[PDB]
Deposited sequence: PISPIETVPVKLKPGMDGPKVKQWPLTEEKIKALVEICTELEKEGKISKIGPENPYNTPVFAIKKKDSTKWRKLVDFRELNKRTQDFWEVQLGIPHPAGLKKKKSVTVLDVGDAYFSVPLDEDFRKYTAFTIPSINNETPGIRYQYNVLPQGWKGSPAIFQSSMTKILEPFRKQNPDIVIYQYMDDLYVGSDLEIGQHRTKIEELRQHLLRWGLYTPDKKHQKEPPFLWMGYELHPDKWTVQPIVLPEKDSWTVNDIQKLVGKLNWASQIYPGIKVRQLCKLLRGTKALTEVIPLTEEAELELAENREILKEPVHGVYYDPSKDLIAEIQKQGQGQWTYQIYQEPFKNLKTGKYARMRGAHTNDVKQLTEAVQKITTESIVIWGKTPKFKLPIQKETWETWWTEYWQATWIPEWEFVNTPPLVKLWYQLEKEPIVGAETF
């Protein structure tokens, strides 16, 4: 049978529109889509269905195979409401991620809700009308899916949980998060073990939580200080003063009284030396009393430092960061800000799941057109977060550098 489902009061189905895709991506979606038609997963629809959501194709970890990906961000917000996230997982030692989108194909979708899932495959140069289809079973990427299929999920995970009662399994949309403390060899296998147990009903990258913190701010150490040098330090210090209110700068400012040359080297009094020492000592730890509020939204802001570096901060309330960090590089595409920014977005969303089990609202230092033209060329997750574009201040970065 099929459990009924509805949109929230007053809401109507999405009517977003289809971005154009490259040739390579269209061909692939046709192959993929025909097959699913043969199997009765999807059905061509009429012009009497006015709804629509965008779709595209990605490559995964490394295969030559493509994966269909539908952006239900919108449909999800309009879908009605319906586990209690495991504090453990985060404190674990090694989490591997598995894609279970499949399981949903084995379940019928209440036909009244089906129209809402309509989507369209484009055609090059508009020579052909698009190809329209709507889902007949539970569709990957949708919010309702994981819910409606939990009764079955635990049921199958029932045994393995019992067997290994010290490994944590948390689910998020199409992903399954498994965490243990075993040797990174008998860990990698216990996983596979599941890969097979999981494959008896029918389905088919090592993270490391213990090192995700709120990295400390540092200050420059100098041989000899100059006016420029001091001014700069006062600038940064002043900023930080907002977080740590006990930070002082009366003694450092005193050294600048006058209207001197910018390069003029200045000697540090014993007073300034103290101020520094103290300030340095106040910054050896994150600020006090910062706690996660679940009746608010997670926010993530990112700065570009250059040379392949990017810094970020996840917070709920200004100046009270829950976590901060930096993402760089490891052997890949030598120079493509866009690729890097996408990757960075994925890394951050992941943690926000591991820890809090929800996605953060991004603030991207880039331009809409640039972002929308290319991000898909490098995406890799079954999920997609929310985001907006901005004009990064000057300090902000200088501060985190």
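- The deposited sequence has C-alpha coordinates everywhere except the stretches 1 to 5, 88 to 93, 216 to 231, 429 to 440.
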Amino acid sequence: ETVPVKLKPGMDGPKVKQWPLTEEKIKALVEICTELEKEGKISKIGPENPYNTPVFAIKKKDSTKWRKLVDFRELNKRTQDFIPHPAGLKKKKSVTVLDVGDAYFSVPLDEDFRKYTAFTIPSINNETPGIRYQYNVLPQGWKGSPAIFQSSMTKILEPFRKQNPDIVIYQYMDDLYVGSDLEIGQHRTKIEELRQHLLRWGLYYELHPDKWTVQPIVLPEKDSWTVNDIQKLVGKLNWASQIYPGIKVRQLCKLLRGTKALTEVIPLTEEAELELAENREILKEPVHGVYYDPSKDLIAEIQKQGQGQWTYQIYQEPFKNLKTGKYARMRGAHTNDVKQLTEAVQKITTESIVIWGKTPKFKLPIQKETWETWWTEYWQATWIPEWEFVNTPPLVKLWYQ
From here on, numbers count along this sequence of modelled residues.
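- When the C-alpha B-factors of 232 to 240 and 187 to 195 are averaged, 187 to 195 comes out higher.
- The mean Cα B-factor in the deposited entry runs higher for 209 to 217 than for the other of 209 to 217 and 313 to 321.
- For the set 293, 270, 278, 158, the maximum C-alpha B-factor listed in the entry falls on 158.
- Out of 140, 79, 263, 224, it is 224 whose C-alpha atom has the highest B-factor in the PDB entry.
- The PDB entry assigns residue 336 a C-alpha temperature factor belonging to the middle third of its chain's modelled residues.
- Residue-level temperature factors show residue 352 in the middle third of its chain, judged at the C-alpha atom.
- Among the modelled residues of its chain, residue 64 has a C-alpha B-factor that falls in the highest third, as given in the PDB entry.
- Sort the modelled residues of the chain by CA B factor and residue 73 lands in the lowest third.
- Annotation for residue 252: CA B-factor lies in the middle third of the chain's modelled residues.
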